[PDB]
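As C-alpha cells, the structure follows; a few thoughts come after it.
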Amino acid sequence: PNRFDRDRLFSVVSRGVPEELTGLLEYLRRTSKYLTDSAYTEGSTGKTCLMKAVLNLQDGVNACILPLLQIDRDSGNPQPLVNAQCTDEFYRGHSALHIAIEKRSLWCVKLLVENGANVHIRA
C-alpha cells in the first residue's frame with residue numbers, strides 16, 4: 001500500500017480521515033520525489049492535494065490539514081506549497097491561501113501563514 005496515485009490521495013483528502021495519510025513518508029523517500037515536483041497535482045491546471053483538501057471542509061474543519069504540511073516540511077522542496085501555484089491560464093497565480101480566505105476559513109489562514117505562507121504572491 002506504499003504506492004500512491006493522484007486520485008487516491010485526492011479521494012483521501014476529500015473524505016477527511018487523517019489516519020489513511022500514513023504511508024506517504026515511505027513512498028516520498030523510496031522514489032526520491034517531493035509533493036510539489038510531480039507527486040500529486042492535476043496536470044491540466046496545477047491544482048494540488050492541499051487545495052483539494054481545502055475546497056471541502058466538513059463544517060469548517062479538516063483533520064487531514066494538520067499532518068500533511070509537515071509531511072511536506074520534513075522531506076520537501078524549498079517551496080512549501082505557497083510558491084506552488086496552478087499553471088492554468090484561467091486560474092494562474094491562485095494559491096491555497098486564496099482558497100482558505102475565500103472559503104471563509106480563518107483557521108486555515110492561520111495555519112498557512114504560520115507555516116511560512118508568502119503574502120506578496122499576486123494571483
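For the C-alpha cells, the naming scheme is as follows: chains receive sequential letters (A, B, ...) according to their order of presentation, residues are indexed from 1 within each chain, and ligands are indexed from 1 in presentation order.
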So that I can check the surroundings of residue 20 of chain A, please list as number ranges by chain every protein, DNA and RNA residue that reaches within 12 Å of it, counting only C-alpha atoms and ignoring chain neighbours fewer than 4 positions away.
A: 1-2, 4, 8-16, 24, 63-64, 67-68
Quick one: write out the picked residues with C-alpha atoms as a PDB file, in the first residue's frame?
```pdb
ATOM      1  CA  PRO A   1       0.000   0.000   0.000  1.00  0.00           C
ATOM      2  CA  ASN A   2       3.071   2.248  -0.107  1.00  0.00           C
ATOM      3  CA  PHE A   4       0.204   6.153  -4.112  1.00  0.00           C
ATOM      4  CA  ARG A   8      -6.159   8.058  -4.393  1.00  0.00           C
ATOM      5  CA  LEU A   9      -4.804  10.988  -2.374  1.00  0.00           C
ATOM      6  CA  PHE A  10      -7.448  13.285  -3.859  1.00  0.00           C
ATOM      7  CA  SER A  11     -10.191  10.986  -2.557  1.00  0.00           C
ATOM      8  CA  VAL A  12      -8.388  10.503   0.770  1.00  0.00           C
ATOM      9  CA  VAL A  13      -8.257  14.252   1.447  1.00  0.00           C
ATOM     10  CA  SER A  14     -11.833  14.574   0.154  1.00  0.00           C
ATOM     11  CA  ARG A  15     -13.145  12.137   2.771  1.00  0.00           C
ATOM     12  CA  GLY A  16     -11.264  13.873   5.581  1.00  0.00           C
ATOM     13  CA  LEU A  24       3.203   8.710   2.373  1.00  0.00           C
ATOM     14  CA  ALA A  63      -8.129  16.925  10.220  1.00  0.00           C
ATOM     15  CA  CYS A  64      -6.118  15.990   7.115  1.00  0.00           C
ATOM     16  CA  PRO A  67      -0.285  16.489   9.329  1.00  0.00           C
ATOM     17  CA  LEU A  68       0.224  16.948   5.603  1.00  0.00           C
TER      18      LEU A  68
END
```
Q) What's the 10 Å shell around segment 25-28 of chain A, counting only C-alpha atoms, without same-chain residues fewer than 6 positions away, as number ranges by chain? A) A: 1-4, 34-35, 39, 71-72, 74-76
Polymer residues at most 9 Å from residue 83 of chain A, only C-alpha atoms, same-chain spacing of 6 or more positions, as a PDB file with N, CA and C atoms, in the first residue's frame:
```pdb
ATOM      1  N   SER A  95      -3.121  30.728  -5.182  1.00  0.00           N
ATOM      2  CA  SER A  95      -2.529  29.803  -4.229  1.00  0.00           C
ATOM      3  C   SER A  95      -3.568  29.325  -3.216  1.00  0.00           C
ATOM      4  N   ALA A 117       3.770  31.159   4.746  1.00  0.00           N
ATOM      5  CA  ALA A 117       2.988  31.475   3.549  1.00  0.00           C
ATOM      6  C   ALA A 117       3.258  32.926   3.162  1.00  0.00           C
ATOM      7  N   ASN A 118       3.934  33.116   2.031  1.00  0.00           N
ATOM      8  CA  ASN A 118       4.159  34.453   1.498  1.00  0.00           C
ATOM      9  C   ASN A 118       2.831  35.110   1.145  1.00  0.00           C
ATOM     10  N   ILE A 121       2.338  37.059  -3.070  1.00  0.00           N
ATOM     11  CA  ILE A 121       2.153  36.231  -4.275  1.00  0.00           C
ATOM     12  C   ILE A 121       0.824  36.658  -4.889  1.00  0.00           C
TER      13      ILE A 121
END
```
Could you give me the residues within segment 16-107 of chain A that DSSP places in alpha helix (DSSP H), as a PyMOL selection string?
chain A and resi 24-30+49-54+65-74+96-102+106-107
Taking N, CA and C atoms for each residue, export the selection above as an mmCIF file, in the first residue's frame.
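Contents of the output file part-v5.cif:
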```cif
data_model
loop_
_atom_site.group_PDB
_atom_site.id
_atom_site.type_symbol
_atom_site.label_atom_id
_atom_site.label_comp_id
_atom_site.auth_asym_id
_atom_site.auth_seq_id
_atom_site.Cartn_x
_atom_site.Cartn_y
_atom_site.Cartn_z
ATOM 1 N N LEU A 24 2.665 7.789 3.367
ATOM 2 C CA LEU A 24 3.203 8.710 2.373
ATOM 3 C C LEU A 24 4.684 8.982 2.605
ATOM 4 N N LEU A 25 5.131 8.931 3.861
ATOM 5 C CA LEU A 25 6.522 9.240 4.178
ATOM 6 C C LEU A 25 7.474 8.255 3.508
ATOM 7 N N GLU A 26 7.120 6.969 3.525
ATOM 8 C CA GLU A 26 7.974 5.956 2.911
ATOM 9 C C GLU A 26 8.001 6.107 1.394
ATOM 10 N N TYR A 27 6.841 6.369 0.788
ATOM 11 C CA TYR A 27 6.773 6.491 -0.665
ATOM 12 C C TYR A 27 7.501 7.740 -1.149
ATOM 13 N N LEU A 28 7.428 8.823 -0.376
ATOM 14 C CA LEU A 28 8.025 10.093 -0.769
ATOM 15 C C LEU A 28 9.545 10.031 -0.686
ATOM 16 N N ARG A 29 10.075 8.975 -0.069
ATOM 17 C CA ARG A 29 11.520 8.786 0.003
ATOM 18 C C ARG A 29 12.032 7.585 -0.777
ATOM 19 N N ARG A 30 11.191 6.604 -1.111
ATOM 20 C CA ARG A 30 11.652 5.488 -1.929
ATOM 21 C C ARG A 30 11.874 5.912 -3.376
ATOM 22 N N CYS A 49 -2.939 18.671 -3.906
ATOM 23 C CA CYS A 49 -3.763 17.953 -2.938
ATOM 24 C C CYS A 49 -4.202 18.858 -1.790
ATOM 25 N N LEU A 50 -3.364 19.832 -1.426
ATOM 26 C CA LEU A 50 -3.694 20.711 -0.306
ATOM 27 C C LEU A 50 -4.977 21.478 -0.585
ATOM 28 N N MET A 51 -5.059 22.092 -1.766
ATOM 29 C CA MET A 51 -6.268 22.809 -2.147
ATOM 30 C C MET A 51 -7.459 21.863 -2.209
ATOM 31 N N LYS A 52 -7.256 20.667 -2.772
ATOM 32 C CA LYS A 52 -8.327 19.674 -2.806
ATOM 33 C C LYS A 52 -8.860 19.394 -1.408
ATOM 34 N N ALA A 53 -7.979 19.408 -0.406
ATOM 35 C CA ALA A 53 -8.433 19.284 0.975
ATOM 36 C C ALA A 53 -9.133 20.555 1.444
ATOM 37 N N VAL A 54 -8.722 21.712 0.918
ATOM 38 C CA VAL A 54 -9.259 22.975 1.418
ATOM 39 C C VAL A 54 -10.545 23.360 0.687
ATOM 40 N N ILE A 65 -5.703 18.400 7.138
ATOM 41 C CA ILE A 65 -4.858 19.582 7.008
ATOM 42 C C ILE A 65 -3.678 19.498 7.964
ATOM 43 N N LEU A 66 -3.924 19.082 9.202
ATOM 44 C CA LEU A 66 -2.897 19.170 10.237
ATOM 45 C C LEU A 66 -1.583 18.456 9.905
ATOM 46 N N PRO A 67 -1.581 17.168 9.531
ATOM 47 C CA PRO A 67 -0.285 16.489 9.329
ATOM 48 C C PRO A 67 0.418 16.857 8.029
ATOM 49 N N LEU A 68 -0.343 17.025 6.946
ATOM 50 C CA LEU A 68 0.224 16.948 5.603
ATOM 51 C C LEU A 68 1.348 17.962 5.404
ATOM 52 N N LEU A 69 1.204 19.164 5.972
ATOM 53 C CA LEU A 69 2.230 20.187 5.773
ATOM 54 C C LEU A 69 3.581 19.747 6.322
ATOM 55 N N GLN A 70 3.613 19.162 7.526
ATOM 56 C CA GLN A 70 4.905 18.652 7.977
ATOM 57 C C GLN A 70 5.301 17.394 7.216
ATOM 58 N N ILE A 71 4.327 16.672 6.655
ATOM 59 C CA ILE A 71 4.652 15.644 5.672
ATOM 60 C C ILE A 71 5.424 16.262 4.512
ATOM 61 N N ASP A 72 5.088 17.501 4.155
ATOM 62 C CA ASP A 72 5.926 18.255 3.231
ATOM 63 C C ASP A 72 7.177 18.793 3.913
ATOM 64 N N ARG A 73 7.064 19.240 5.167
ATOM 65 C CA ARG A 73 8.144 20.029 5.756
ATOM 66 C C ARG A 73 9.407 19.199 5.956
ATOM 67 N N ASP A 74 9.265 17.954 6.412
ATOM 68 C CA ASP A 74 10.434 17.130 6.702
ATOM 69 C C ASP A 74 11.213 16.797 5.432
ATOM 70 N N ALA A 96 -3.156 28.359 -2.388
ATOM 71 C CA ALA A 96 -4.075 27.734 -1.440
ATOM 72 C C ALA A 96 -4.611 28.728 -0.419
ATOM 73 N N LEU A 97 -3.799 29.715 -0.034
ATOM 74 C CA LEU A 97 -4.253 30.720 0.923
ATOM 75 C C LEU A 97 -5.448 31.489 0.372
ATOM 76 N N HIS A 98 -5.500 31.654 -0.951
ATOM 77 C CA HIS A 98 -6.649 32.309 -1.565
ATOM 78 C C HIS A 98 -7.920 31.488 -1.381
ATOM 79 N N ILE A 99 -7.833 30.162 -1.535
ATOM 80 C CA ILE A 99 -8.995 29.318 -1.258
ATOM 81 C C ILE A 99 -9.375 29.424 0.211
ATOM 82 N N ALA A 100 -8.374 29.378 1.095
ATOM 83 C CA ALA A 100 -8.645 29.436 2.528
ATOM 84 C C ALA A 100 -9.385 30.716 2.895
ATOM 85 N N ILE A 101 -8.977 31.842 2.306
ATOM 86 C CA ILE A 101 -9.680 33.099 2.540
ATOM 87 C C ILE A 101 -11.083 33.051 1.943
ATOM 88 N N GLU A 102 -11.202 32.575 0.700
ATOM 89 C CA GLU A 102 -12.485 32.651 0.006
ATOM 90 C C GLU A 102 -13.487 31.655 0.583
ATOM 91 N N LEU A 106 -10.926 31.068 8.702
ATOM 92 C CA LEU A 106 -9.856 31.785 9.387
ATOM 93 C C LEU A 106 -8.785 30.837 9.916
ATOM 94 N N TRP A 107 -9.179 29.638 10.352
ATOM 95 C CA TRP A 107 -8.227 28.677 10.900
ATOM 96 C C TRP A 107 -7.197 28.266 9.852
#
```
Q: Please measure the separation of atom CA of residue 91 of chain A and atom CA of residue 60 of chain A, giving the value in Å to one decimal.
A: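 Between atom CA of residue 91 of chain A and atom CA of residue 60 of chain A the gap is 24.0 Å.
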Students should find that atom CA of residue 42 of chain A and atom CA of residue 114 of chain A are spaced 26.3 Å
